[PDB]
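Working notes for the structure below.
Within every chain, numbering begins at 1; the chains are lettered A, B, ... in the order of the sequence lines, protein sequences first and strands thereafter. Heavy atoms only: backbone and side chains are in, while hydrogens, waters and symmetry mates are out.
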Amino acid sequence: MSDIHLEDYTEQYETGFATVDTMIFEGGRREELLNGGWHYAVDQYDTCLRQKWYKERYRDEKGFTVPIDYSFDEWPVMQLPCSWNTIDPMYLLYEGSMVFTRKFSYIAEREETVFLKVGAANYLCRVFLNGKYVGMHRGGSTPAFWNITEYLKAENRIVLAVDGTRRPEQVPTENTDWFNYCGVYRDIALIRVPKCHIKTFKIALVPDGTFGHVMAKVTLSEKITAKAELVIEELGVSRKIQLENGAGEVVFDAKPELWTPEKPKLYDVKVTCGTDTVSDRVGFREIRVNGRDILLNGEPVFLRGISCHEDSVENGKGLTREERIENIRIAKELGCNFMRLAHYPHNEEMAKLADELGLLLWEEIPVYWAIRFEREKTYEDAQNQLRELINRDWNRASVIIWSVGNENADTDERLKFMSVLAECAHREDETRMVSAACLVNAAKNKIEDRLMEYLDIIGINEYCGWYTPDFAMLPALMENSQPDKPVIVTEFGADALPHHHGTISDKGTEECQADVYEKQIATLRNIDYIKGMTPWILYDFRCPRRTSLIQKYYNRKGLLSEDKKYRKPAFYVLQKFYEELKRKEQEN
Amino acid sequence: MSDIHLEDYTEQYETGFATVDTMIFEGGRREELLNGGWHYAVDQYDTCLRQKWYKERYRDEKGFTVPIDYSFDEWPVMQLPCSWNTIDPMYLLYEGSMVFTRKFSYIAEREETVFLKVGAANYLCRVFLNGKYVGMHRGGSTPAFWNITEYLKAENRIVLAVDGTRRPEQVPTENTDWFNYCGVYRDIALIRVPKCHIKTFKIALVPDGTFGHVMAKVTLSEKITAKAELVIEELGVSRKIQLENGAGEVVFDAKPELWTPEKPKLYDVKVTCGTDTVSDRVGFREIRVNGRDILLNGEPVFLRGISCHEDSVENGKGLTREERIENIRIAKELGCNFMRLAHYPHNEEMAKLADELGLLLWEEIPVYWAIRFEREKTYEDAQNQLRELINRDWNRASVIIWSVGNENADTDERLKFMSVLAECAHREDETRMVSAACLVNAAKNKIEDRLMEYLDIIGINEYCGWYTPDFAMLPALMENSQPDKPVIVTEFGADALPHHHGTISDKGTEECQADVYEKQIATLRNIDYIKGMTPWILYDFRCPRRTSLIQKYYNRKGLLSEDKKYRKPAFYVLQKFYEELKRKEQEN
Amino acid sequence: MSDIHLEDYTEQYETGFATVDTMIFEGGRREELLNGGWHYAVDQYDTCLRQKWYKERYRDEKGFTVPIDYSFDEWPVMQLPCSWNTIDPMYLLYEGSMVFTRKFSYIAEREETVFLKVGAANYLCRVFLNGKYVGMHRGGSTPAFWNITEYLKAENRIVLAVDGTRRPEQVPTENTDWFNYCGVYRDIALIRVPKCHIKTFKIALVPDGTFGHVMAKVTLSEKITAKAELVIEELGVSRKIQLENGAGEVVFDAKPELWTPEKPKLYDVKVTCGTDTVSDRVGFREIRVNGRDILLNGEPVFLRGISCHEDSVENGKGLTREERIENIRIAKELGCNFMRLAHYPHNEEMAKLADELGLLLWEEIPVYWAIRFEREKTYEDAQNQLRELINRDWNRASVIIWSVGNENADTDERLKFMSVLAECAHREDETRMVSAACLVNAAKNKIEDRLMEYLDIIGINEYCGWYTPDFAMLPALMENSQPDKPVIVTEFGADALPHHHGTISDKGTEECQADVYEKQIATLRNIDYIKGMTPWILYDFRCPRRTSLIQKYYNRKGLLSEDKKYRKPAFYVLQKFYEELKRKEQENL
Ligand SMILES: O=C(O)[C@H]1O[C@@H](Sc2ccccc2)[C@H](O)[C@@H](O)[C@@H]1O
Ligand SMILES: O=C(O)[C@H]1O[C@@H](Sc2ccccc2)[C@H](O)[C@@H](O)[C@@H]1O
Ligand SMILES: O=C(O)[C@H]1O[C@@H](Sc2ccccc2)[C@H](O)[C@@H](O)[C@@H]1O
């Protein structure tokens with residue numbers, strides 16, 4: 001009677017964790033996927049975890065059949081990966097648990113280690129394989145790896161129990177300004193590698209101002225001593241890396257062409273060690289800060305930016321390749337060299353496509369609003385997602401800034417928490433800038449926040465002409481503040497329901513939105529220390545907090561409609577400002 | 001920025017509680033309802049409680065409009081009362097918050113106090129009137145009363161935020177075996193009373209075996225000294241009751257015809273005090289236990305019962321009057337003199353119709369499975385629900401047993417918790433028997449549970465031939481057990497998907513279910529200390545735990561299908577058993 | 001008890017008219033739209049106008065609530081502008097009244113005058129602001145302007161009552177051959193202007209044969225003395241225009257590139273006066289008639305045309321910008337240099353896109369079939385719509401012809417009515433040719449109609465091989481006729497349901513339609529006084545008069561289906577003929 005009398009039915013599954021220490025480098029690796037039709041159940045009360053359906057007990061010891069509350073093969077079927085919310089109206093608001101299962105066959109051709117990768121599952125994913133528990137992942141927007149070598153048979157049944165439940169102690173908490181898309185919504189892969197394989201491969205230009213040195217780090221799955229060979233044919237590079245007890249580094253002379261969004265040059269890179277081979281396609285660029293300047297490849301830049309959520313009318317958070325491309329293309333049509341990917345890790349393809357098509361990127365973890373900053377396990381969660389993000393995208397030239405959070409109050413525990421996050425980001429990546437979206441000091445109307453001393457670039461959200469309705473507060477704010485570092489205005493904007501019009505003073509109309517951009521641009525363009533802006537937001541996205549007739553459960557601050565087929569007037573305001581910058585920059 | 005940075009946003013609303021102490025007696029009272037169309041929003045993130053939409057702050061202090069996330073009058077409309085889950089497939093699985101608002105006008109023709117009654121709302125209901133917080137109710141199945149006299153204007157706006165969220169510390173916990181129907185699903189009333197009004201009125205046959213004494217108790221809204229007058233014309237009773245500091249009692253002589261299911265005799269009763277008048281319609285009957293016998297009006301009885309949930313395909317938990325009547329009518333066609341209403345207070349009209357049509361009842365509170373028995377506030381919630389139930393139904397001759405819970409593990413903290421609940425029920429109602437569905441000691445296959453010492457009647461759930469598949473365990477259970485008090489078999493049964501057939505060994509088919517009933521009846525009918533049975537259950541009901549192809553998210557142990565249009569074979573098995581008992585009863 | 005016993009409940013609203021005299025020039029002006037979701041009701045018995053819902057009388061003089069028959073904020077919501085017929089199938093055949101309402105805020109940064117513009121509302125639009133009647137507009141295809149300055153508050157509620165009703169005395173009458181799309185179906189705008197603002201601005205090449213003189217006329221809202229400065233940077237122009245009593249004009253020398261459909265050259269022009277600025281984008285060209293010749297910039301032209309309705313499966317009469325562009329693109333694919341926009345003013349964007357992409361235009365008012373020609377108030381309404389159209393489109397180089405009507409009986413009252421409209425057009429616009437679609441004289445089978453004496457170009461509708469089944473009637477008609485002016489065959493054609501085939505003698509099929517085009521072209525191409533043709537019609541349109549199985553409530557004379565995805569065989573017959581003319585023109589260079 002444990003299934004109904006055990007209070008803490010989850011503690012037994014707090015093991016087998018996928019974490020940053022469990023990830024393996026995927027570049028160049030052949031993968032079989034488990035994408036497809038999985039049989040499923042809505043498991044509102046987490047009954048599978050309690051009764052242990054994955055054990056498939058159909059008879060007792062005395063041989064009698066016993067009643068059961070599942071029928072795996074006769075369950076309906078759902079195409080994975082997906083955000084289950086968009087798969088049927090019945091699930092749009094469902095955020096409990098769902099249980100998915102399917103079979104697959106396994107034949108080893110050589111001795112090999114096998115990893116299961118779950119590209120993303122929000123928020124908890126628990127894995128069962130052939131009746132046994134593998135482990136779980138915490139965090140909704142990051143890939144999870146598990147070593148399943150010892151669990152495989154010739155014929156296999158895998159069960160995934162995925163819980164969409166919101167909790168105040170999670171990252172994010174139960175209160176955000178975006179939609180709670182749940183389920184397994186990025187690729188599910190099987191990854192065969194040699195028992196000793198390349199586990200991490202990091203490569204980057206050394207940020208020493210000379211553009212002449214390239215660094216590369218490699219670690220193995222095994223604490224053995226061996227040499228690995230790194231090859232970049234286009235650059236005439238062929239250098240052996242001495243690994244001692246699984247780890248090794250090399251700094252070598254090379255002069256690649258420096259990546260920019262205008263010229264997104266990328267090189268093919270191959271690494272071998274024993275019978276293993278990984279590869280990558282990488283750019284080389286230097287991002288640095290000097291006083292108030294943001295230096296890309298030595299030259300001061302202005303970040304002509306837009307914010308973007310990972311949202312889709314038909315697909316929820318599981319955007320397609322084409323939707324990512326569309327997002328990049330529209331931002332460049334907008335005149336953007338820069339995009340703020342909020343508020344969580346997007347699909348890793350986004351930064352790869354940004355490498356190829358040319359767009360600078362800001363990537364962020366959902367340390368959002370009222371995170372339980374004093375809770376040690378909440379920090380372990382945030383810290384792990386931060387490092388998952390950084391190890392996943394370490395080789396992405398497009399990505400220049402990591403963000404450790406957004407719009408958090410200026411309290412002691414917040415400061416202890418996020419300042420150590422900032423320090424963690426720096427230790428994991430000597431090459432990139434560290435930022436966060438900070439709030440304006442309301443009482444003073446001033447850029448003032450204890451966390452800014454710990455960031456390379458200050459991110460500021462302000463909504464003058466909207467949440468702070470008096471426009472005179474914008475010039476006052478900028479003159480009350482004289483920062484030492486560069487400031488990116490990471491958010492401003494206003495609601496505009498597509499095709500809803502009015503006077504400039506009717507908040508929520510297109511005209512008011514265009515007006516807010518006019519006045520926002522008129523001030524921000526002449527502020528010395530403002531080096532970028534990513535207005536909120538590229539296109540309307542699902543939002544549970546917006547229940548008014550002129551919102552309809554979408555955040556209406558997009559410059560385009562939610563299907564991105566319609567540009568609002570404010571879109572053309574910003575585009576004209578960015579074309580002015582683009583041409584003044586070419587008249588130089 | 002409280003609405004986004006306040007962590008414990010609900011603590012401010014832990015006040016103004018509707019509890020048993022705030023209920024008022026409704027019998028005979030004229031009521032204006034707030035049933036009808038209410039404008040509503042889906043409030044997944046509880047934004048209304050954080051942003052305080054009920055304040056209607058549309059401009060700031062210097063006269064600028066501010067952005068808002070709601071539009072009360074332009075919201076869509078939902079007819080209350082209802083379980084919101086049955087209103088639209090989009091809400092079937094929604095168990096977050098919804099916000100409801102509407103307007104009403106108020107004109108007092110005379111000095112009066114005004115109560116708001118929410119007939120039930122699962123699970124939390126918070127009340128706002130004209131921008132002010134009135135208070136809240138905890139507990140999903142009991143009526144909530146608040147005094148809104150000091151809040152009323154000539155024109156009024158009332159807002160109800162209702163949270164269906166399941167929580168381990170609630171009563172029930174987050175794991176039950178029935179569907180989580182949410183929202184305001186019983187009548188919303190406005191009740192006008194004299195400032196000094198009759199607040200409780202209790203009347204009952206004195207259970208002293210003489211059937212010649214009637215007790216009656218009255219309390220007032222004010223701790224004054226006055227005389228009330230009780231009138232029962234048909235019995236020539238007209239007694240004055242002396243009240244001191246708001247309370248008074250009387251025992252008096254009367255020889256009413258004693259209520260039975262077979263002759264459900266009911267008398268009209270009226271009480272007056274000052275300018276107040278209340279009235280009831282009650283029966284007189286004695287329910288007592290003597291050794292192993294259950295005594296109704298001095299005679300031992302066997303309770304031919306069925307269990308029943310408050311479920312409806314169309315209406316969720318908000319059953320109609322006709323659905324209630326149907327339930328009683330079908331139970332009597334089954335040959336029932338008794339009905340277990342599981343596992344929570346049903347609509348108070350159930351016991352009123354049972355009063356009228358003649359059916360003995362068991363009523364229960366959802367102290368179910370793994371209640372947080374160690375948590376003092378969980379006890380406070382459970383005890384209040386219990387006393388809400390007892391005060392609401394005190395005058396219902398049909399109801400003979402209160403149950404303080406169901407299938408809880410025999411632990412120390414459960415024993416402290418539930419034995420104090422049984423004591424509480426005895427202190428609040430000296431007239432009725434107190435019970436609970438206990439479990440069978442599985443180690444010994446014996447009726448053995450420390451709680452049973454504190455119960456007047458022992459309730460037992462056993463599923464021999466089903467969850468315990470070997471039928472031989474049932475005769476063994478009954479021989480291993482020699483209880484000193486009456487035992488009711490409060491549950492047995494088996495699944496049968498309607499029109500799903502197989503062999504008697506095919507668990508989940510109609511044939512196997514009929515077999516289970518045959519073998520259950522052949523043993524139980526000859527056990528001396530078994531004085532009733534309420535097989536589980538009358539009809540199929542929604543159930544989030546049953547995901548198999550032959551369940552389809554319904555518990556399939558109904559004797560009829562979920563729309564009650566089809567009787568399974570086991571229906572006719574139990575029926576012929578009960579008809580045998582009715583016949584042998586008459587031959588005596 | 002007036003709401004129910006009052007017989008003539010509309011008389012009280014016959015005031016505050018938006019007319020031609022009430023329009024303001026819009027070029028270059030910044031506008032705040034009132035487009036978007038309006039709360040609405042179907043008001044089948046005109047209850048809002050009788051009960052005066054816009055007064056929002058909720059209590060009586062002693063504080064009692066009184067029963068009301070509306071609830072503005074709790075009404076459903078419709079997205080305006082649109083033809084309400086295509087918004088929901090329940091409104092397809094509805095042509096009564098609907099009442100629309102919304103709120104909006106107003107803060108003046110300056111002392112200013114404000115106009116409400118309703119871009120188009122068919123057929124009557126009654127306007128209320130903050131509980132007061134503003135005025136109305138009569139005529140379903142022209143923009144209406146009211147000065148609402150004195151009505152505005154900080155918070156405003158506006159109500160529009162829009163009647164779809166067809167009436168025999170209206171323009172058009174209750175009987176036409178197109179669909180009665182109803183509602184507010186073009187932009188609703190708020191327009192802020194200085195107290196003294198530029199009210200009209202007309203500019204055109206002087207049609208004197210030299211191509212070197214430009215005329216520009218300006219009027220103001222106020223009858224005052226002042227000067228306006230006109231600038232055309234690209235032509236190095238900067239003349240002051242002296243204004244007296246709010247009006248003045250100027251003629252000056254310039255040598256612009258002359259607009260043609262093949263080289264549609266446009267110039268930016270700006271006009272300032274006081275604190276006001278308007279601007280426009282105009283081409284310069286000459287259209288005149290010399291005998292039987294139509295002369296564009298001095299050269300004879302043949303008008304390779306098609307006719308076109310304002311129709312859309314999805315949007316009704318509320319066409320989008322991209323549907324307009326499509327119509328132009330498909331016309332040009334067909335080989336057209338010309339388009340007859342029938343039978344009413346289309347969206348003003350149509351002539352603007354034609355300015356830009358290069359397409360000559362015929363624009364027309366719905367003085368159509370059995371107009372009540374004897375009724376003076378019907379003349380007022382028609383005269384108003386003609387002048388509205390001319391004032392709205394005066395500066396569109398693409399538009400070379402105004403049409404005062406189509407297929408009207410050759411009676412005396414018709415003659416008085418339509419000749420006076422022709423004189424009106426000429427008086428209001430010295431630059432453009434005036435025409436109309438006249439019927440064939442059935443007695444003589446001859447182009448003969450007393451209106452033609454008043455027209456610059458004769459329009460002829462004929463349907464030989466269709467309504468006149470015997471093709472021989474067509475060569476007979478041309479032989480019988482020797483007009484002194486140029487003739488455009490402004491309609492011919494034949495039904496063909498898309499994908500419905502048969503023999504050439506099966507009327508209603510694709511094959512019969514193609515065969516009709518072969519025979520019309522074979523005769524019309526050799527009649528030397530025929531200087532153009534706008535076959536009927538580019539694509540199928542909704543039509544309440546066509547109920548057969550092979551019509552399905554659509555007029556099937558389109559050369560393409562109603563969604564414009566499918567070209568019928570006859571489309572290629574016309575295309576081949578126009579491409580022959582085009583190649584012949586190139587080899588004549
Ligand atoms: O309301 C919004 O549109 C956005 O609010 C900001 S937080 C903020 C609110 C007021 C002032 C400054 C910052 C969030 O970062 C964003 O995710 C959300 O969508
Ligand atoms: O499974 C069921 O059908 C029922 O299970 C019982 S608990 C129990 C389980 C095994 C043995 C004894 C008792 C619940 O009281 C009831 O609400 C539910 O519907
Ligand atoms: O019937 C038609 O297809 C068209 O008829 C012509 S009138 C006419 C009829 C016979 C001979 C000459 C002219 C209309 O102008 C047009 O709107 C309509 O669609």
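- If you run salt bridge (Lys or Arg N to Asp or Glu O under 4.0 Å) between A:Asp69 and each of B:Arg556, B:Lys552, B:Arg546, B:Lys507, only B:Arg546 comes through.
- Ranked by heavy-atom pairs under 4.5 Å with chain B, the list A:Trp53, A:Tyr368, A:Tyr94, A:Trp466 is led by A:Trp466.
- Residues satisfying the side-chain hydrogen bond (donor to acceptor under 3.5 Å, both in side chains) test with A:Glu56, not counting sequence neighbours, are A:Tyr58, A:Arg157.
- B:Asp3 touches chain A through backbone and side chain together, each having a heavy atom under 4.5 Å away.
- Proximity to chain B (any heavy atom under 4.5 Å) is shown, for A:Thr173, by neither the backbone nor the side chain.
- Only the side chain of A:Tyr553 comes within contact range of chain B, judged by heavy atoms closer than 4.5 Å.
- Both the backbone and the side chain of B:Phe179 have a heavy atom closer than 4.5 Å to some heavy atom of chain A.
- For A:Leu92, the part lying under 4.5 angstrom from a heavy atom of chain B is the side chain only.
- Scanning both residues, B:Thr547 and A:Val42, for their nearest heavy atoms gives CG2-O, 3.8 Å.
- Side-chain contact between A:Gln44 and B:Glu95: present, with at least one pair of heavy atoms (C-beta onward) separated by less than 4.5 Å.
- When each of B:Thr411, B:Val66, B:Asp43, B:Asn408 is checked for heavy-atom pairs under 4.5 Å with chain A, B:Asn408 comes out on top.
- Neither the backbone nor the side chain of B:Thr468 comes within contact range of chain A; no heavy atoms are under 4.5 Å apart.
- With a threshold of 4.5 angstrom between heavy atoms, A:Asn85 does not approach chain B through any atom at all.
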> What's the verdict on side chain to side chain contact (heavy atoms under 4.5 Å, CB included) for B:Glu174 and A:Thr165, showing C-alpha distance, side-chain angles and the deciding distance?
Replying inline: CA-CA 13 Å; B:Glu174 94 287 4; A:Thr165 300; over 6 Å; no
>> Working note: A:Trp369 + B:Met1, criterion side chain to side chain contact (heavy atoms under 4.5 Å, CB included); need CA distance, chi angles, decisive distance, verdict.
In response: CA-CA 10 Å; A:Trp369 291 0; B:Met1 275 166 96; 5.9 Å; no
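- If you measure heavy-atom distances from B:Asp470 to chain A, the contacts under 4.5 Å come from both the backbone and the side chain.
- Looking at every heavy atom in both residues, A:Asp60 comes nearest to B:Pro469 through OD2-CG, 3.7 Å.
- Side-chain N or O atoms of B:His5 include one that pairs as donor or acceptor with a backbone N or O of A:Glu407 at under 3.5 Å.
- Of all the heavy atoms in A:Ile371 and B:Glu7, the pair that sits closest is O-OE2, 3.9 Å.
- Put simply, the side chain of A:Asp495 does not reach to within 4.5 Å of the side chain of B:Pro67, judged on heavy atoms.
- Comparing B:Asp177, B:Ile550, B:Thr176, B:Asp88 by how many heavy-atom pairs each has under 4.5 Å with chain A, the most go to B:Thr176.
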>> Would B:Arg545 and A:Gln51 count as a side chain to side chain contact (heavy atoms under 4.5 Å, CB included) here? Give the steps.
In response: CA-CA 10 Å; B:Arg545 296 172 71 247; A:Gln51 288 171 359; 3.0 Å; yes
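- Counting heavy-atom pairs closer than 4.5 Å to chain B, the top residue among A:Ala41, A:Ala409, A:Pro89 is A:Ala409.
- The most heavy-atom pairs under 4.5 Å with chain B, out of A:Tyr91, A:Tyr467, A:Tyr45, come from A:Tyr45.
- Note: B:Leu439 CG to A:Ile4 CD1 = 8.0 Å, rounded to the nearest 0.5 Å.
- Residue B:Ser548 touches chain A through both its backbone and its side chain, counting heavy-atom pairs closer than 4.5 Å.
- Every residue two or more places apart in sequence or in another chain that forms a side-chain hydrogen bond (donor to acceptor under 3.5 Å, both in side chains) with A:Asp46 is listed here: A:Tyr9.
- The contact between A:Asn180 and chain B is made by backbone and side chain atoms together, counting heavy-atom distances below 4.5 Å.
- Here A:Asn175 is the residue among A:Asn175, A:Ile68, A:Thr47 with the most heavy-atom pairs under 4.5 Å with chain B.
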